[PDB]
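What follows is each chain in one-letter form.
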Amino acid sequence: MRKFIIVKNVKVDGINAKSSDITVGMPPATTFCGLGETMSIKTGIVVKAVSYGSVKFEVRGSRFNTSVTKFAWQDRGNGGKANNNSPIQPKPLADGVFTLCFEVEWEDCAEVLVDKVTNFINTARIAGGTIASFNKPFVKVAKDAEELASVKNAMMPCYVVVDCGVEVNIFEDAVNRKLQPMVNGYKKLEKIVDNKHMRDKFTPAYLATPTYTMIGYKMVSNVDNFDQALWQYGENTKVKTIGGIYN
Amino acid sequence: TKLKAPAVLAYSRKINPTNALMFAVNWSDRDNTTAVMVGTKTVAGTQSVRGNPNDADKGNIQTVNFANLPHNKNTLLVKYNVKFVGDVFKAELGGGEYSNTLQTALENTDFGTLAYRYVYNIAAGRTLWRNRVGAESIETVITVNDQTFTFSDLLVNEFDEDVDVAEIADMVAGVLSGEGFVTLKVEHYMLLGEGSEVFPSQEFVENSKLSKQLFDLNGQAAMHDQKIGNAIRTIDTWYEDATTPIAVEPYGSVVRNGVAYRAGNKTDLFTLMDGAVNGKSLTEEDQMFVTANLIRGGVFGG
Amino acid sequence: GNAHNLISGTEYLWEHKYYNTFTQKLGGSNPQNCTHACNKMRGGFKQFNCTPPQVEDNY
DNA sequence: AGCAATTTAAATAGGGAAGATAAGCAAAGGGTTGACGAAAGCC
DNA sequence: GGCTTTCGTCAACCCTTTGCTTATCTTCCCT
């Protein structure tokens with residue numbers, strides 16, 4: 001027995017489009033799983049999965065180059081060079097209207113759940129982008145599978161993410177089978193021995209290289225199983241769909 | 001030391017006619033100006049294509065735009081406004097120095113009989129292309145700055161001497177020799193006959209069900225301004241072995257006859273322009289042809 | 001970021017004519033202070049254009 | 001002061017012409033966006 | 001003894017010019 005809260009038409013601008021070194025565009029499912037665990041921390045409603053779809057999404061720039069951001073002189077000790085233009089590190093920006101659907105388990109009324117999600121989203125930040133606007137979130141429940149599809153079709157219109165898996169690698173199949181690659185998680189390289197320059201000193205830290213899976217965009221109504229669009233934190237330091245690989 | 005023509009050298013049209021609207025009047029009450037509508041008819045016949053003696057009898061249905069005089073009016077009226085513009089050697093896209101040396105190579109061109117041939121082509125009714133074939137008389141009325149001129153019988157092939165064409169051509173050549181402009185409001189009255197068929201200009205349409213599609217201004221039969229202007233500039237009797245006046249072209253070229261009368265005999269416009277800018281003294285007819293091209297207009301470069 | 005992904009992806013997606021991509025010069029004006037691959041491949045690295053399909057508003 | 005009838009059938013066919021052309025110029029700029037290494041005054 | 005400023009150091013390309021998908025609709029039935 002499943003419960004969901006849907007925030008439709010989440011207009012967000014200033015999204016850090018740099019998903020990884022080789023992916024620029026839509027934020028991956030690690031971003032929205034991070035947003036889900038962020039509310040698990042601030043609001044206390046513990047979130048299993050998030051199904052996110054893109055209503056609108058434009059990467060700022062041309063069709064072959066992204067619009068770089070005019071950097072500001074914010075480091076310490078480079079005064080004197082501040083009159084000249086700051087050097088640009090690559091961070092593409094994008095705008096996106098999203099539709100989010102969080103699997104939550106809740107025991108109180110739907111009004112306080114909607115208010116808690118609204119108070120989170122008013123202080124949230126989708127992929128480094130300020131949430132410009134969002135409709136009032138609404139609670140829908142998936143008692144059975146037809147009710148699961150009711151929740152699924154309540155995200156209309158949006159293009160959700162379905163996992164199609166890795167055959168050999170990322171570049172090969174992106175040309176061959178023409179699917180989109182995105183960060184489904186990370187791979188740990190080395191333990192980090194210096195916790196002085198970090199957010200926490202006690203949380204263990206690892207250098208990571210983003211693993212990618214290959215995904216497709218399908219409209220939420222054309223997705224047969226809603227579990228193939230709900231991304232959640234898998235126990236391989238990755239994220240994964242509940243329904244597995246989309247067929 | 002040859003003065004090469006710039007690639008960007010272009011002259012504008014300095015004889016600008018309007019679209020010649022075609023009305024129907026009687027020969028008596030020419031103020032009863034009723035407009036000739038283009039109708040559309042579909043006509044059955046046979047296909048008689050040169051290389052098809054098999055489709056010969058099968059049949060041929062064609063949708064053609066037609067325009068006719070109404071059966072209560074025997075006179076076609078053609079109304080348009082020629083606009084002779086001066087400043088004829090300032091190329092609006094050309095270089096300064098090449099157009100200046102072409103201007104000071106062509107200051108002594110006889111503009112008088114150039115203007116006479118233009119106004120004669122207006123007055124004899126060459127702007128009526130097929131609308132003159134079959135006509136008891138052709139009356140051309142030209143209003144030139146509050147001065148009405150009347151023209152009854154002028155053979156179009158040769159430029160006969162008369163005082164009214166010369167009178168209009170006086171200020172037309174005064175415009176073409178210097179600054180300013182002159183407007184010629186032309187009204188043609190062809191006594192075609194009761195219910196006679198008139199000939200407007202035809203448009204080119206590529207993927208259309210109409211076999212022939214005439215030019216229509218809000219449904220009214222009309223001639224294209226380029227056809228009227230071609231009939232203005234049909235003054236060239238100065239090419240090699242000239243028998244009839246042809247349109248002034250940079251190559252002396254006509255499309256229907258499939259021959260260029262000035263290509264391959266070093267009498268084309270570009271060779272005489274390079275001669276004018278390099279000290280070759282031009283003849284009077286040769287200067288007049290080059291200046292007629294300069295007021296026809298065109299880009300001459302490369 | 002994986003360096004093999006950047007270099008081999010740029011070489012392969014230029015080789016296999018995959019033009020659903022962005023191109024970014026990493027080091028800036030003079031990328032030799034960044035990285036030897038940024039120093040030599042001055043034309044920019046190929047990354048995937050990860051834009052999703054849009055929803056047409058008029059429907 | 002509303003009442004206005006029902007069915008029945010709507011033409012078979014033959015044709016939709018090809019031949020021509022579809023300009024040549026000349027332009028299309030760069031200006032900022034550099035991090036390590038190394039002298040070298042300065043707390 | 002670092003420390004912060006400014007000047008000197010080290011380079012060199014082969015590019016390509018839209019789809020990715022493509023929207024949430026009536027049979028029984030009796031009241």
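Residues numbered from 1 in each chain as written, not as in the entry; some residues may be left out. Chains lettered and ligands numbered in written order. Part of a larger assembly, values for the part shown. Heavy atoms only, no water. Residues with missing side-chain atoms left out of burial classes, pairs and counts.

The record names cryo-EM as the way this model was obtained, at a resolution of 3.75 Å.

Chemist: Explain the protein's contact with DNA strand D to me, please; I cannot follow it from the model alone.
Modeler: Every one of the 25 residues lining DNA strand D counts as a neighbour, but B:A7, B:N60, B:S211, C:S29 and C:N33 are closest to it. Among the atoms of DNA strand D close to the protein, meaning within 4 Å, 51% are from sugar or phosphate groups. Contact distances for DNA strand D include 2.9 Å between a base oxygen and a backbone N or O atom of B:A7. Within the side chain of B:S211, a nitrogen or oxygen atom sits 2.5 Å from a base nitrogen of DNA strand D. Looking at which element gives the most residues to the surface near DNA strand D, the answer is strand β5 (residues 60-68) of chain B, with four residues. (Near = heavy atom within 4 Å. Polar contact = N/O pair within 3.5 Å; in protein donor to acceptor, adjacent residues only side chain to side chain. Helix = DSSP H or I, 4+ residues; strand = E, 2+ residues; numbered from the N terminus.)

Chemist: How should the protein's contact with DNA strand E be read in this particular structure?
Modeler: Lining the immediate environment of DNA strand E, one finds 32 residues, of which A:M219, A:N222, C:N20, C:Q32 and C:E56 sit closest. Among all atoms of DNA strand E positioned within 4 Å of the protein, those belonging to sugar or phosphate total 43%. Within the side chain of C:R42, one N or O atom sits 3.3 Å away from a base nitrogen of DNA strand E. Elements supplying a minimum of two residues to the surface near DNA strand E: β10 (206-219) of chain A together with β1 (21-24) and α2 (36-40) of chain C. Broken down by element, the residue count for the surface near DNA strand E peaks at three residues, all from β10(A).

Chemist: What's the story with helix α3 (residues 163-177) of chain B in this structure? I'm lost.
Modeler: Given 3.6 residues per turn, any residue in an α-helix points the same way as the ones three and four places further on. Residues and elements named next belong to chain B. In this model, α3 (15 residues) spans 20 Å end to end at C-alpha, consistent with the 21 Å of a helix rising 1.5 Å per residue. Of all the bends found along α3, the most pronounced is centred on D170 and spans about 25°. Packed against the buried residues of α3 are β6 (75-85), α2 (111-123), β7 (138-144), β8 (148-151), β9 (181-191) and α6 (284-296). (Expected span 1.5 Å × (residues − 1). Bend = angle between axes of the 7 residues up to and from the residue. Contact = heavy atoms within 4.5 Å.)

Chemist: Sorry if this is basic, but what is going on with the pairing of strand β12 (residues 238-241) of chain A here?
Modeler: Where a strand is regular, its side chains alternate between the two sheet faces. Residue and element names in this part refer to chain A. Alternating positions in β12 separate cleanly, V239 and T241 being buried on one face and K238 and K240 remaining unburied on the opposite face. Both strand β11 (residues 231-234) and β12 contribute to a ladder of four bridges, which runs antiparallel. Bridging from a neighbouring strand, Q232 pairs with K240 of β12. Counting the residues in the hairpin turn of β11 and β12 gives three residues, including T237, whose phi is positive at 40°. (Buried < 20%, exposed > 50% of the residue type's maximum accessible area, 1.4 Å probe, protein only. Pairing = 2+ DSSP bridges.)

Chemist: In this structure, what is going on with empty space enclosed by the protein? I would like to understand it.
Modeler: A probe as big as a water molecule, rolled over the atoms, marks out the empty space that is left. Volume-wise, the largest cavity comes out at about 40 Å³. In terms of lining residues, the largest cavity is bounded by A:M26, A:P27, A:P28, A:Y52, A:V161, A:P181, A:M182, A:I215, A:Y217 and C:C50. Taken together, the elements giving at least two residues each to the lining of the largest cavity come down to β9 (180-191) and β10 of chain A. Taken together, the residues of the lining of the largest cavity sort by class into ten nonpolar, no polar and no charged. (1 Å grid on protein atoms, 1.4 Å probe; cavity = no way out; pocket = protein on both sides within 12 Å on 5 of 7 lines; lining within 4 Å. Points joined across faces, edges and corners; volume = space filled by probe spheres on them. Nonpolar A, V, L, I, M, F, W, Y, C, P; charged D, E, K, R; others polar.)

Chemist: How should the interface of chain A and chain C be read in this particular structure?
Modeler: Much of the literature gives interface size as the accessible area that the parts lose upon coming together. Facing 35 residues of chain A, the contacting portion of chain C comprises 27 residues. Summed over both partners, the interface of chain A with chain C comes to about 3000 Å²; 58% of that surface belongs to carbon and sulfur atoms. Linking chain A with chain C are zero salt bridges. Across the contact surface, chain A and chain C share 15 residue pairs in polar contact. The set of elements that each furnish at least two residues to the side of chain A that touches chain C consists of β2 (23-25), β3 (47-59), α4 (170-176), β9 and β10 of chain A. (Buried area = accessible area lost by both parts, 1.4 Å probe. Salt bridge = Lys/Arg side-chain N within 4 Å of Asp/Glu carboxyl O.)

Chemist: It is not clear to me how the nonpolar core should be interpreted in this structure. Could you clarify?
Modeler: Burial of nonpolar side chains together is a common tendency in soluble globular proteins. Core analysis: the largest hydrophobic core is formed by 84 residues, its most contacted members being A:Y52, A:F98, A:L100, A:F102, A:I126, A:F226 and A:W231. Ranked by size, the runner-up nonpolar core spans 74 residues in total, among them B:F89, B:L102, B:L272 and B:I295. (Core = buried A, V, L, I, M, F, W, Y, C linked by side-chain atoms within 4.5 Å.)

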